[PDB]
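S.K.: Sharing an experimental structure here, sequence included.
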Amino acid sequence: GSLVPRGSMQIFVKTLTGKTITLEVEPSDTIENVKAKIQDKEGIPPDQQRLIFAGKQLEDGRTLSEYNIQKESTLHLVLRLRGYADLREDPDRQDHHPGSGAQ
């Protein structure tokens, strides 16, 4: 199916190699949507990919806006296990879409 055009802001995330990677996630989207973009950056599974906020890990159910994660929020990715036993390849990627809704 297609994707509906909704709000989307840019955030700052830090890696284990002291490298900051730029990511984009909707204000209503959840952590599940965030890692989705990370797959293109490093390409790691959810069991190994975990988001941290204010020292507290993040999980699904809630949205970025609920985690006080703004366009200037600092995210951290911590890995516990190892995977890299999968692949990822599909068109219609790397495309910027418009926004909508109120705040």
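M.R.: Looks like it came in fine. Residues are numbered from 1 along each chain as shown.
S.K.: Is the residue most central in space within the chain in a helix, a strand, or coil?
M.R.: Taking C-alpha atoms, centre = their mean, the centroid of the chain lies closest to residue 34, which sits 1.7 Å from it. Applying DSSP: H, G, I helix; E, B strand; the rest coil to residue 34 yields a three-state assignment of helix.
S.K.: Next one: the nearest residue in space to it that is not next to it in sequence from residue 73, what distance?
M.R.: Nearest residue to residue 34, sequence neighbours excluded (C-beta to C-beta, 6 or more residues apart in numbering): residue 25, at 4.8 Å. To be clear about C-beta, it is placed using only N, CA and C from the backbone, and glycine gets the same treatment. Using C-beta to C-beta, to the nearest Å, residue 25 is found at 10 Å from residue 73.
S.K.: dump the residue contacts of the residue nearest to the centre of the chain.
M.R.: 23, 25, 51, 64, 75 (C-beta atoms under 8 Å, 6 or more residues apart in numbering).
S.K.: Now list the buried members of the residues you listed.
M.R.: Among those, those classed as buried by 16 or more other C-beta atoms under 10 Å are 23, 25, 51, 64, 75.
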